Amino acid sequence: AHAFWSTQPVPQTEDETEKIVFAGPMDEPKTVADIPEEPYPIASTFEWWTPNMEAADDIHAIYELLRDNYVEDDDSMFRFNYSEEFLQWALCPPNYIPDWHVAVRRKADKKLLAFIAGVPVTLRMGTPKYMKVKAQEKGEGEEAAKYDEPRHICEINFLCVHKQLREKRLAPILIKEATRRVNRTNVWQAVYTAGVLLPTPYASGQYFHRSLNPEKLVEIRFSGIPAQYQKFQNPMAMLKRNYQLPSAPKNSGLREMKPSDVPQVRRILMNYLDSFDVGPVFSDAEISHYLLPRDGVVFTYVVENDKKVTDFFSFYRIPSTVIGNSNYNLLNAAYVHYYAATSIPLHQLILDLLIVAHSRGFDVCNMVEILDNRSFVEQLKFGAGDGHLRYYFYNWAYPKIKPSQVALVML
Ligand SMILES: CCCCCCCCCCCCCC(=O)SCCNC(=O)CCNC(=O)[C@H](O)C(C)(C)COP(=O)(O)OP(=O)(O)OC[C@H]1O[C@@H](n2cnc3c(N)ncnc32)[C@H](O)[C@@H]1OP(=O)(O)O
Ligand SMILES: Cc1nn(C)c(C)c1CCOc1cc(F)ccc1-c1ccc2n[nH]c(CN(C)C)c2c1
Ligand SMILES: [Mg+2]
């Protein structure tokens with residue numbers, strides 16, 4: 001049933017994943033010398049291209065492919081519209097490898113037909129907490145702890161085939177070529193997320209939304225009006241009142257993060273993330289990259305009293321195109337990013353995030369139920385949405401974990 005994925009070093013069934021007891025590789029061990037320097041074969045009317053992700057024209061090419069042909073929601077009403085600036089942020093973190101940005105162009109007219117990108121990530125992906133107990137009783141602790149150290153691996157994202165080339169088995173070719181490029185640098189595992197079920201996720205979480213601008217959400221059909229509110233003279237005023245927020249946070253100490261905050265943010269972030277089974281390890285340079293504010297892209301605030309940072313939150317922007325002819329409505333969505341609370345309950349910190357996002361003109365706040373995200377759903381009036389984000393590894397056997405054991409936000 002999976003002509004491509006049955007050929008690949010990933011768990012092949014759910015049952016397989018449920019029985020895995022230790023973290024570890026799946027494939028035969030290999031050296032760089034084992035991997036071909038010649039690119040993967042592709043039909044003669046097409047060519048590999050490595051866009052320069054800092055060149056204006058290349059980023060613009062990638063932007064338009066994704067704007068027109070990237071992820072749509074489960075109901076085909078919205079499509080992600082990542083900005084050019086967001087793409088350069090997401091794809092060019094510290095020590096990124098330009099060669100991991102892979103495109104296919106038609107030779108004759110240089111039309112961009114497809115894309116996939118890897119970026120480096122340092123990830124903790126050793127045997128979980130619940131799995132280390134069972135292997136202690138059994139005394140097999142060394143096998144279970146063999147891969148505890150954070151590993152320098154690849155994060156895959158932005159796989160896209162042009163709408164007009166769908167179902168032609170081009171996606172497997174991009175994946176093989178990415179894999180080859182990555183293997184050439186002596187990296188053997190990858191992590192990826194998708195809203196579709198593939199063989200075979202190690203974790204899966206529902207996404208959740210919090211209305212900030214209900215009127216717009218109803219107009220573009222993201223939301224409907226609650227039946228219960230339909231029973232009133234002004235259903236929309238009821239709905240607006242429900243989701244209404246303060247115009248500013250009464251949380252004293254909140255300000256935008258700045259460069260001087262990088263070390264303390266790193267410390268409080270890493271202290272928190274280290275409590276989850278699967279999670280990133282960030283250098284100072286990576287904290288800087290992913291969390292320092294960038295206009296229209298990433299927004300990050302710290303609670304600081306007397307030059308001591310005790311809490312922070314971050315969110316990023318991806319607007320969704322509202323699909324339709326001559327429809328210029330944009331769902332301007334804020335996504336919950338990393339955060340850490342030490343001085344205030346997490347729900348108070350995230351209320352501040354909703355307040356700020358609403359102030360900055362966001363229509364909705366979205367998140368997946370990873371981290372401690374479920375702990376503030378009800379009070380902050382999040383609801384579950386119709387999608388699920390599944391988490392996968394390539395060439396890594398991993399026992400099934402709950403999404404609340406996952407600490408990697410994928411963009
Ligand atoms: C060590 C280094 C390793 C690095 C790589 C690690 C793995 C990387 C894995 C990639 C992680 C990406 C992370 C993200 O970016 S998730 C974002 C995915 N992008 C989109 O959804 C954008 C809109 N859709 C499209 O552009 C196309 O429909 C895509 C490109 C998704 C498929 O193109 P198309 O529809 O024209 O199909 P095909 O005939 O060429 O190919 C059919 C095969 O493709 C398998 N398929 C379908 N969707 C996905 C998907 N999201 N991940 C993995 N595989 C997928 C499918 O099961 C089938 O295989 P099999 O079922 O027959 O076996
Ligand atoms: C709104 C809206 N617009 N669009 C286009 C969707 C799919 C939605 C539903 C909300 O979806 C989400 C809401 C969240 F809070 C977080 C994640 C998603 C989401 C869903 C499916 C995806 N497939 N590929 C990616 C990109 N990357 C993570 C690999 C996805 C991201
Ligand atoms: Mg295809």
# chains A, B, ... in the order shown; residues from 1 in each chain; ligands from 1

$ residues_around --residues "residue 371 of chain A" --least-positions-apart "2" --cutoff "9 Å" --atoms "only C-alpha atoms" --output "list in words"
residues 273, 276, 338, 368, 369, 373, 374, 403, 404, 405, 406, 407, 408 and 409 of chain A

$ write_last_selection --atoms "C-alpha atoms" --output "short mmCIF file (atom, residue, chain, number, x, y, z; two decimals), in the first residue's frame"
data_model
loop_
_atom_site.label_atom_id
_atom_site.label_comp_id
_atom_site.auth_asym_id
_atom_site.auth_seq_id
_atom_site.Cartn_x
_atom_site.Cartn_y
_atom_site.Cartn_z
CA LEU A 273 12.55 21.44 27.57
CA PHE A 276 10.30 16.21 27.81
CA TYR A 338 8.54 28.20 22.67
CA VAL A 368 -0.56 21.64 18.55
CA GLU A 369 -1.05 19.88 21.94
CA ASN A 373 -0.17 23.33 25.71
CA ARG A 374 -3.17 21.30 26.98
CA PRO A 403 2.26 14.54 22.27
CA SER A 404 2.77 16.10 25.74
CA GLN A 405 6.20 14.39 25.74
CA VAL A 406 7.25 16.29 22.56
CA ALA A 407 9.07 19.64 22.88
CA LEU A 408 10.04 20.32 19.20
CA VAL A 409 7.98 23.04 17.53
#

$ closest_atom_pairs --of "chain A" --to "ligand 1" --cutoff "8 Å" --atoms "only C-alpha atoms and all ligand atoms" --output "tab-separated table"
residue	atom	partner	partner_atom_place_in_ligand_line	distance
A:1	CA	ligand 1	61 (O)	6.5
A:2	CA	ligand 1	63 (O)	3.4
A:3	CA	ligand 1	63 (O)	4.3
A:4	CA	ligand 1	63 (O)	3.3
A:5	CA	ligand 1	63 (O)	3.7
A:6	CA	ligand 1	63 (O)	6.0
A:7	CA	ligand 1	63 (O)	7.8
A:66	CA	ligand 1	22 (C)	7.8
A:69	CA	ligand 1	23 (C)	6.0
A:70	CA	ligand 1	22 (C)	4.0
A:71	CA	ligand 1	22 (C)	4.1
A:72	CA	ligand 1	23 (C)	6.8
A:114	CA	ligand 1	30 (C)	7.7
A:116	CA	ligand 1	15 (O)	6.9
A:118	CA	ligand 1	4 (C)	7.2
A:153	CA	ligand 1	1 (C)	7.4
A:154	CA	ligand 1	2 (C)	6.1
A:155	CA	ligand 1	4 (C)	7.6
A:156	CA	ligand 1	11 (C)	5.5
A:157	CA	ligand 1	15 (O)	3.9
A:158	CA	ligand 1	15 (O)	4.1
A:159	CA	ligand 1	15 (O)	3.9
A:160	CA	ligand 1	26 (O)	3.4
A:161	CA	ligand 1	26 (O)	3.9
A:162	CA	ligand 1	26 (O)	6.1
A:163	CA	ligand 1	26 (O)	6.9
A:165	CA	ligand 1	36 (O)	6.1
A:166	CA	ligand 1	36 (O)	3.2
A:167	CA	ligand 1	39 (O)	3.3
A:168	CA	ligand 1	39 (O)	4.5
A:169	CA	ligand 1	39 (O)	3.4
A:170	CA	ligand 1	40 (O)	3.8
A:171	CA	ligand 1	40 (O)	3.6
A:172	CA	ligand 1	41 (O)	5.6
A:173	CA	ligand 1	40 (O)	7.8
A:175	CA	ligand 1	5 (C)	5.4
A:176	CA	ligand 1	5 (C)	7.1
A:178	CA	ligand 1	4 (C)	5.5
A:179	CA	ligand 1	2 (C)	4.0
A:180	CA	ligand 1	2 (C)	7.1
A:181	CA	ligand 1	2 (C)	7.7
A:182	CA	ligand 1	2 (C)	5.1
A:183	CA	ligand 1	1 (C)	5.7
A:187	CA	ligand 1	1 (C)	5.8
A:188	CA	ligand 1	1 (C)	4.1
A:189	CA	ligand 1	1 (C)	4.1
A:190	CA	ligand 1	3 (C)	4.8
A:191	CA	ligand 1	6 (C)	6.9
A:192	CA	ligand 1	13 (C)	5.2
A:193	CA	ligand 1	13 (C)	5.4
A:194	CA	ligand 1	16 (S)	4.1
A:195	CA	ligand 1	16 (S)	6.8
A:196	CA	ligand 1	51 (N)	6.3
A:198	CA	ligand 1	57 (O)	6.0
A:393	CA	ligand 1	6 (C)	7.3
A:394	CA	ligand 1	6 (C)	5.0
A:395	CA	ligand 1	1 (C)	7.0

$ write_last_selection --atoms "C-alpha atoms" --output "PDB file, in the first residue's frame"
ATOM      1  CA  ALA A   1       0.000   0.000   0.000  1.00  0.00           C
ATOM      2  CA  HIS A   2       3.086   2.221   0.260  1.00  0.00           C
ATOM      3  CA  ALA A   3       5.207   1.698  -2.887  1.00  0.00           C
ATOM      4  CA  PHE A   4       7.722   4.298  -1.645  1.00  0.00           C
ATOM      5  CA  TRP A   5       7.592   4.145   2.155  1.00  0.00           C
ATOM      6  CA  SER A   6       7.798   0.313   2.235  1.00  0.00           C
ATOM      7  CA  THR A   7      11.357   0.726   0.782  1.00  0.00           C
ATOM      8  CA  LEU A  66       4.568  27.544  -1.851  1.00  0.00           C
ATOM      9  CA  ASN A  69       0.929  24.930  -4.100  1.00  0.00           C
ATOM     10  CA  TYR A  70       1.701  24.344  -0.355  1.00  0.00           C
ATOM     11  CA  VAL A  71      -0.417  22.823   2.502  1.00  0.00           C
ATOM     12  CA  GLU A  72      -4.140  23.338   2.558  1.00  0.00           C
ATOM     13  CA  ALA A 114       9.144  21.173  -6.619  1.00  0.00           C
ATOM     14  CA  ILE A 116      12.184  20.189  -0.125  1.00  0.00           C
ATOM     15  CA  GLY A 118      16.457  20.228   5.458  1.00  0.00           C
ATOM     16  CA  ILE A 153      20.409  15.526  12.690  1.00  0.00           C
ATOM     17  CA  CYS A 154      18.264  16.994   9.844  1.00  0.00           C
ATOM     18  CA  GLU A 155      14.800  18.579  10.111  1.00  0.00           C
ATOM     19  CA  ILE A 156      12.803  18.228   6.870  1.00  0.00           C
ATOM     20  CA  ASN A 157      10.132  20.730   5.918  1.00  0.00           C
ATOM     21  CA  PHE A 158       8.561  22.538   2.940  1.00  0.00           C
ATOM     22  CA  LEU A 159       8.170  19.486   0.670  1.00  0.00           C
ATOM     23  CA  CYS A 160       6.043  20.728  -2.194  1.00  0.00           C
ATOM     24  CA  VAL A 161       5.156  19.486  -5.659  1.00  0.00           C
ATOM     25  CA  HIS A 162       3.423  21.857  -8.060  1.00  0.00           C
ATOM     26  CA  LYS A 163      -0.332  21.174  -8.311  1.00  0.00           C
ATOM     27  CA  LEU A 165       2.635  17.540 -11.354  1.00  0.00           C
ATOM     28  CA  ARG A 166       0.801  15.743  -8.536  1.00  0.00           C
ATOM     29  CA  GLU A 167       0.615  11.933  -8.362  1.00  0.00           C
ATOM     30  CA  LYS A 168       3.575  11.469 -10.712  1.00  0.00           C
ATOM     31  CA  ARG A 169       5.861  10.000  -8.000  1.00  0.00           C
ATOM     32  CA  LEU A 170       8.038  13.114  -7.898  1.00  0.00           C
ATOM     33  CA  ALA A 171       7.847  13.433  -4.100  1.00  0.00           C
ATOM     34  CA  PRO A 172       9.796  10.127  -3.551  1.00  0.00           C
ATOM     35  CA  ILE A 173      12.498  11.418  -5.875  1.00  0.00           C
ATOM     36  CA  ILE A 175      13.051  12.648  -0.628  1.00  0.00           C
ATOM     37  CA  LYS A 176      15.746  10.269  -1.961  1.00  0.00           C
ATOM     38  CA  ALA A 178      17.508  15.023   0.148  1.00  0.00           C
ATOM     39  CA  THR A 179      18.402  11.845   1.985  1.00  0.00           C
ATOM     40  CA  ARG A 180      21.505  11.474  -0.270  1.00  0.00           C
ATOM     41  CA  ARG A 181      22.581  15.106   0.290  1.00  0.00           C
ATOM     42  CA  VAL A 182      22.190  14.702   4.070  1.00  0.00           C
ATOM     43  CA  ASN A 183      23.954  11.296   4.173  1.00  0.00           C
ATOM     44  CA  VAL A 187      24.039  12.572   9.034  1.00  0.00           C
ATOM     45  CA  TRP A 188      21.778   9.532   9.127  1.00  0.00           C
ATOM     46  CA  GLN A 189      18.523  10.518  10.855  1.00  0.00           C
ATOM     47  CA  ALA A 190      15.886  13.158  10.208  1.00  0.00           C
ATOM     48  CA  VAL A 191      12.791  14.477  12.002  1.00  0.00           C
ATOM     49  CA  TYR A 192       9.660  15.668  10.168  1.00  0.00           C
ATOM     50  CA  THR A 193       5.992  16.479  10.795  1.00  0.00           C
ATOM     51  CA  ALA A 194       2.949  16.215   8.506  1.00  0.00           C
ATOM     52  CA  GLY A 195      -0.822  16.578   8.810  1.00  0.00           C
ATOM     53  CA  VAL A 196      -1.195  13.238   6.951  1.00  0.00           C
ATOM     54  CA  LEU A 198       2.360   8.005   6.892  1.00  0.00           C
ATOM     55  CA  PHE A 393      11.706  10.088  12.388  1.00  0.00           C
ATOM     56  CA  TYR A 394      13.619   8.767   9.407  1.00  0.00           C
ATOM     57  CA  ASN A 395      16.044   5.908  10.258  1.00  0.00           C
TER      58      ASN A 395
END

$ atom_distance --atom1 "atom CA of residue 123 of chain A" --atom2 "atom CA of residue 304 of chain A"
28.6 Å

$ closest_atom_pairs --of "chain A" --to "ligand 2" --cutoff "9 Å" --atoms "only C-alpha atoms and all ligand atoms" --output "Markdown table"
| residue | atom | partner | partner_atom_place_in_ligand_line | distance |
| --- | --- | --- | --- | --- |
| A:70 | CA | ligand 2 | 5 (C) | 7.8 |
| A:71 | CA | ligand 2 | 5 (C) | 5.1 |
| A:72 | CA | ligand 2 | 5 (C) | 4.0 |
| A:73 | CA | ligand 2 | 7 (C) | 3.4 |
| A:74 | CA | ligand 2 | 7 (C) | 6.5 |
| A:75 | CA | ligand 2 | 7 (C) | 8.7 |
| A:76 | CA | ligand 2 | 5 (C) | 8.2 |
| A:77 | CA | ligand 2 | 5 (C) | 8.0 |
| A:78 | CA | ligand 2 | 5 (C) | 4.9 |
| A:79 | CA | ligand 2 | 5 (C) | 3.8 |
| A:80 | CA | ligand 2 | 5 (C) | 4.2 |
| A:81 | CA | ligand 2 | 5 (C) | 8.0 |
| A:156 | CA | ligand 2 | 29 (C) | 7.9 |
| A:157 | CA | ligand 2 | 29 (C) | 5.4 |
| A:158 | CA | ligand 2 | 29 (C) | 6.6 |
| A:159 | CA | ligand 2 | 29 (C) | 8.4 |
| A:192 | CA | ligand 2 | 29 (C) | 6.8 |
| A:193 | CA | ligand 2 | 29 (C) | 4.8 |
| A:194 | CA | ligand 2 | 23 (N) | 4.5 |
| A:195 | CA | ligand 2 | 21 (C) | 3.9 |
| A:196 | CA | ligand 2 | 23 (N) | 7.2 |
| A:206 | CA | ligand 2 | 14 (C) | 8.3 |
| A:207 | CA | ligand 2 | 15 (F) | 4.9 |
| A:208 | CA | ligand 2 | 15 (F) | 6.0 |
| A:209 | CA | ligand 2 | 15 (F) | 7.0 |
| A:222 | CA | ligand 2 | 1 (C) | 7.8 |
| A:318 | CA | ligand 2 | 3 (N) | 8.3 |
| A:319 | CA | ligand 2 | 3 (N) | 7.8 |
| A:320 | CA | ligand 2 | 3 (N) | 5.2 |
| A:321 | CA | ligand 2 | 5 (C) | 7.8 |
| A:322 | CA | ligand 2 | 3 (N) | 8.8 |
| A:331 | CA | ligand 2 | 1 (C) | 7.1 |
| A:332 | CA | ligand 2 | 1 (C) | 8.7 |
| A:333 | CA | ligand 2 | 1 (C) | 6.9 |
| A:334 | CA | ligand 2 | 15 (F) | 8.6 |
| A:335 | CA | ligand 2 | 15 (F) | 5.9 |
| A:336 | CA | ligand 2 | 15 (F) | 7.3 |
| A:364 | CA | ligand 2 | 1 (C) | 8.5 |
| A:365 | CA | ligand 2 | 15 (F) | 7.7 |
| A:366 | CA | ligand 2 | 15 (F) | 4.0 |
| A:367 | CA | ligand 2 | 15 (F) | 3.2 |
| A:368 | CA | ligand 2 | 15 (F) | 4.7 |
| A:369 | CA | ligand 2 | 15 (F) | 8.3 |
| A:385 | CA | ligand 2 | 10 (C) | 7.3 |
| A:386 | CA | ligand 2 | 9 (C) | 7.6 |
| A:387 | CA | ligand 2 | 9 (C) | 6.2 |
| A:388 | CA | ligand 2 | 20 (C) | 6.5 |
| A:389 | CA | ligand 2 | 20 (C) | 5.6 |
| A:390 | CA | ligand 2 | 21 (C) | 8.6 |
| A:409 | CA | ligand 2 | 28 (C) | 8.0 |
| A:410 | CA | ligand 2 | 28 (C) | 4.9 |
| A:411 | CA | ligand 2 | 28 (C) | 4.7 |

$ atom_distance --atom1 "atom CA of residue 312 of chain A" --atom2 "atom CA of residue 340 of chain A"
5.5 Å

$ atom_distance --atom1 "atom CA of residue 317 of chain A" --atom2 "atom CA of residue 293 of chain A"
11.5 Å

$ residues_around --residues "residue 303 of chain A" --least-positions-apart "4" --cutoff "10 Å" --atoms "only C-alpha atoms" --output "list in words"
residues 251, 252, 253, 254, 255, 256, 257, 307, 308, 309, 310, 311, 312, 313, 341, 342, 343, 344 and 349 of chain A

$ write_last_selection --atoms "N, CA, C and O atoms" --output "short mmCIF file (atom, residue, chain, number, x, y, z; two decimals), in the first residue's frame"
data_model
loop_
_atom_site.label_atom_id
_atom_site.label_comp_id
_atom_site.auth_asym_id
_atom_site.auth_seq_id
_atom_site.Cartn_x
_atom_site.Cartn_y
_atom_site.Cartn_z
N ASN A 251 0.12 42.32 33.00
CA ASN A 251 1.23 41.52 33.58
C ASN A 251 2.47 42.41 33.60
O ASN A 251 3.15 42.55 32.58
N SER A 252 2.74 43.03 34.76
CA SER A 252 3.87 43.99 34.93
C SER A 252 5.23 43.31 34.72
O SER A 252 5.51 42.32 35.42
N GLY A 253 6.03 43.85 33.79
CA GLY A 253 7.37 43.35 33.53
C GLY A 253 7.56 42.91 32.08
O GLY A 253 8.69 42.69 31.65
N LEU A 254 6.46 42.82 31.33
CA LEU A 254 6.53 42.25 30.00
C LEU A 254 7.13 43.26 29.02
O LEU A 254 6.73 44.42 28.98
N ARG A 255 8.12 42.83 28.23
CA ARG A 255 8.70 43.65 27.18
C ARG A 255 9.24 42.73 26.09
O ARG A 255 9.46 41.55 26.35
N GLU A 256 9.44 43.25 24.87
CA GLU A 256 10.09 42.47 23.83
C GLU A 256 11.47 42.00 24.26
O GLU A 256 12.24 42.72 24.91
N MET A 257 11.78 40.76 23.85
CA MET A 257 13.10 40.21 24.05
C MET A 257 14.08 41.04 23.23
O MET A 257 13.74 41.52 22.15
N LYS A 307 16.34 43.53 35.60
CA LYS A 307 17.31 42.84 34.69
C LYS A 307 17.42 41.34 35.00
O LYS A 307 18.53 40.79 34.81
N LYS A 308 16.34 40.71 35.48
CA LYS A 308 16.31 39.27 35.70
C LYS A 308 15.09 38.70 34.97
O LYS A 308 13.95 39.02 35.31
N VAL A 309 15.36 37.93 33.90
CA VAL A 309 14.31 37.34 33.07
C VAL A 309 13.80 36.06 33.75
O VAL A 309 14.57 35.17 34.06
N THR A 310 12.49 36.00 34.01
CA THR A 310 11.93 34.88 34.75
C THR A 310 10.95 34.08 33.88
O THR A 310 10.64 32.93 34.19
N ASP A 311 10.44 34.70 32.82
CA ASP A 311 9.50 34.01 31.95
C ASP A 311 9.66 34.58 30.56
O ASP A 311 10.21 35.68 30.41
N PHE A 312 9.22 33.82 29.54
CA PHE A 312 9.12 34.37 28.20
C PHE A 312 8.09 33.57 27.39
O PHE A 312 7.80 32.43 27.72
N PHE A 313 7.58 34.18 26.33
CA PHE A 313 6.81 33.43 25.35
C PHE A 313 7.16 33.95 23.96
O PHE A 313 7.63 35.08 23.82
N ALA A 341 7.69 29.34 31.82
CA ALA A 341 7.10 30.08 32.93
C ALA A 341 7.80 29.64 34.21
O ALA A 341 7.85 28.44 34.46
N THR A 342 8.31 30.59 35.01
CA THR A 342 8.83 30.21 36.32
C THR A 342 8.24 31.10 37.42
O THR A 342 8.30 30.72 38.58
N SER A 343 7.67 32.26 37.08
CA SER A 343 7.27 33.22 38.10
C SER A 343 5.75 33.35 38.17
O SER A 343 5.22 33.89 39.14
N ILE A 344 5.05 32.89 37.12
CA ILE A 344 3.60 33.02 36.99
C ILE A 344 3.07 31.70 36.43
O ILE A 344 3.81 30.98 35.76
N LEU A 349 0.77 33.46 31.56
CA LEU A 349 1.76 33.83 30.56
C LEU A 349 1.13 33.77 29.16
O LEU A 349 1.36 34.65 28.33
#

$ closest_residue --among "A:52, A:242, A:213, A:31" --to "residue 184 of chain A" --atoms "only C-alpha atoms"
A:31

$ closest_residue --among "A:380, A:104, A:133, A:121" --to "ligand 3" --atoms "only C-alpha atoms and all ligand atoms"
A:104

$ select_by_dssp --residues "segment 209-384 of chain A" --states "strand (DSSP E)" --output "ChimeraX atom specification"
/A:209-211,254-256,279-280,298-305,308-322,330-340,364-368,383-384

$ write_last_selection --atoms "N, CA and C atoms" --output "short mmCIF file (atom, residue, chain, number, x, y, z; two decimals), in the first residue's frame"
data_model
loop_
_atom_site.label_atom_id
_atom_site.label_comp_id
_atom_site.auth_asym_id
_atom_site.auth_seq_id
_atom_site.Cartn_x
_atom_site.Cartn_y
_atom_site.Cartn_z
N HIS A 209 -7.35 26.00 18.27
CA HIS A 209 -7.39 27.39 17.86
C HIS A 209 -8.07 28.25 18.93
N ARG A 210 -7.62 29.51 19.05
CA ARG A 210 -8.27 30.47 19.92
C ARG A 210 -8.61 31.70 19.07
N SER A 211 -9.91 31.99 18.92
CA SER A 211 -10.42 33.14 18.18
C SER A 211 -9.97 34.43 18.85
N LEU A 254 6.46 42.82 31.33
CA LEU A 254 6.53 42.25 30.00
C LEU A 254 7.13 43.26 29.02
N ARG A 255 8.12 42.83 28.23
CA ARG A 255 8.70 43.65 27.18
C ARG A 255 9.24 42.73 26.09
N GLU A 256 9.44 43.25 24.87
CA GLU A 256 10.09 42.47 23.83
C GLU A 256 11.47 42.00 24.26
N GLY A 279 13.16 16.62 22.26
CA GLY A 279 13.22 18.06 22.34
C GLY A 279 14.54 18.61 21.80
N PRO A 280 14.55 19.87 21.30
CA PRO A 280 15.76 20.49 20.77
C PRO A 280 16.73 20.97 21.86
N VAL A 298 8.46 36.57 13.75
CA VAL A 298 8.55 35.98 15.08
C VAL A 298 8.47 37.11 16.09
N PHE A 299 7.67 36.87 17.12
CA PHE A 299 7.36 37.83 18.18
C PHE A 299 7.67 37.16 19.51
N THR A 300 8.52 37.78 20.36
CA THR A 300 8.95 37.17 21.61
C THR A 300 9.04 38.22 22.72
N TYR A 301 8.50 37.87 23.89
CA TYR A 301 8.37 38.78 25.03
C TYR A 301 8.95 38.09 26.26
N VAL A 302 9.59 38.90 27.12
CA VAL A 302 10.14 38.37 28.35
C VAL A 302 9.49 39.10 29.53
N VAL A 303 9.31 38.38 30.63
CA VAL A 303 8.99 39.01 31.89
C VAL A 303 10.33 39.28 32.55
N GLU A 304 10.62 40.56 32.78
CA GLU A 304 11.89 40.93 33.37
C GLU A 304 11.60 41.99 34.42
N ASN A 305 12.03 41.70 35.65
CA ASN A 305 12.05 42.72 36.68
C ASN A 305 13.49 42.85 37.16
N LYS A 308 16.34 40.71 35.48
CA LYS A 308 16.31 39.27 35.70
C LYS A 308 15.09 38.70 34.97
N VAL A 309 15.36 37.93 33.90
CA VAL A 309 14.31 37.34 33.07
C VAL A 309 13.80 36.06 33.75
N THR A 310 12.49 36.00 34.01
CA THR A 310 11.93 34.88 34.75
C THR A 310 10.95 34.08 33.88
N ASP A 311 10.44 34.70 32.82
CA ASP A 311 9.50 34.01 31.95
C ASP A 311 9.66 34.58 30.56
N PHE A 312 9.22 33.82 29.54
CA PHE A 312 9.12 34.37 28.20
C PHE A 312 8.09 33.57 27.39
N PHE A 313 7.58 34.18 26.33
CA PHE A 313 6.81 33.43 25.35
C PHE A 313 7.16 33.95 23.96
N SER A 314 6.88 33.11 22.94
CA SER A 314 7.17 33.49 21.58
C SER A 314 6.02 33.00 20.72
N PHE A 315 5.73 33.73 19.62
CA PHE A 315 4.82 33.19 18.64
C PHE A 315 5.31 33.59 17.25
N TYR A 316 4.95 32.79 16.23
CA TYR A 316 5.29 33.22 14.88
C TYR A 316 4.01 33.40 14.05
N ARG A 317 4.16 34.07 12.91
CA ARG A 317 3.07 34.37 11.99
C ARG A 317 3.17 33.50 10.75
N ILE A 318 2.09 32.78 10.43
CA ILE A 318 1.89 32.28 9.06
C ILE A 318 0.48 32.71 8.68
N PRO A 319 0.32 33.63 7.71
CA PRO A 319 -1.00 33.92 7.16
C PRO A 319 -1.40 32.78 6.22
N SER A 320 -2.70 32.47 6.22
CA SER A 320 -3.28 31.52 5.28
C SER A 320 -4.10 32.28 4.24
N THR A 321 -3.88 31.94 2.97
CA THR A 321 -4.68 32.46 1.85
C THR A 321 -6.08 31.89 1.98
N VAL A 322 -7.10 32.72 1.85
CA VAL A 322 -8.44 32.18 1.80
C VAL A 322 -8.80 31.85 0.36
N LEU A 330 -7.18 37.22 4.32
CA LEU A 330 -6.04 36.47 4.80
C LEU A 330 -6.44 36.04 6.20
N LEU A 331 -6.24 34.76 6.52
CA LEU A 331 -6.36 34.41 7.93
C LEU A 331 -5.01 34.71 8.54
N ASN A 332 -4.93 35.72 9.40
CA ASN A 332 -3.65 36.14 9.93
C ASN A 332 -3.48 35.38 11.26
N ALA A 333 -2.75 34.25 11.22
CA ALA A 333 -2.73 33.32 12.34
C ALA A 333 -1.40 33.43 13.09
N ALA A 334 -1.46 33.46 14.43
CA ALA A 334 -0.28 33.43 15.28
C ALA A 334 -0.08 32.01 15.83
N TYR A 335 1.14 31.44 15.75
CA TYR A 335 1.34 30.07 16.22
C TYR A 335 2.14 30.13 17.51
N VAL A 336 1.69 29.41 18.53
CA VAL A 336 2.43 29.35 19.77
C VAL A 336 3.78 28.68 19.52
N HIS A 337 4.86 29.36 19.93
CA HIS A 337 6.22 28.92 19.73
C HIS A 337 6.74 28.42 21.08
N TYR A 338 8.01 28.63 21.38
CA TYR A 338 8.54 28.20 22.67
C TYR A 338 8.17 29.23 23.74
N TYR A 339 8.20 28.78 25.01
CA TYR A 339 7.86 29.59 26.16
C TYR A 339 8.47 28.91 27.36
N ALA A 340 8.55 29.64 28.47
CA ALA A 340 8.94 29.06 29.76
C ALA A 340 8.40 29.95 30.88
N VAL A 364 -6.41 34.74 14.94
CA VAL A 364 -6.56 33.48 15.66
C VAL A 364 -5.19 33.14 16.23
N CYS A 365 -5.18 32.34 17.31
CA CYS A 365 -3.93 31.75 17.77
C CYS A 365 -4.05 30.22 17.68
N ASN A 366 -3.06 29.59 17.05
CA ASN A 366 -3.06 28.16 16.77
C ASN A 366 -1.93 27.48 17.52
N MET A 367 -2.14 26.21 17.86
CA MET A 367 -1.07 25.42 18.45
C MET A 367 -1.39 23.94 18.30
N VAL A 368 -0.37 23.11 18.50
CA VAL A 368 -0.56 21.64 18.55
C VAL A 368 -0.51 21.31 20.05
N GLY A 383 -10.22 25.81 21.33
CA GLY A 383 -10.94 24.61 20.97
C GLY A 383 -10.13 23.75 20.02
N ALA A 384 -10.37 22.42 20.06
CA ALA A 384 -9.74 21.54 19.09
C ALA A 384 -10.19 21.83 17.66
#
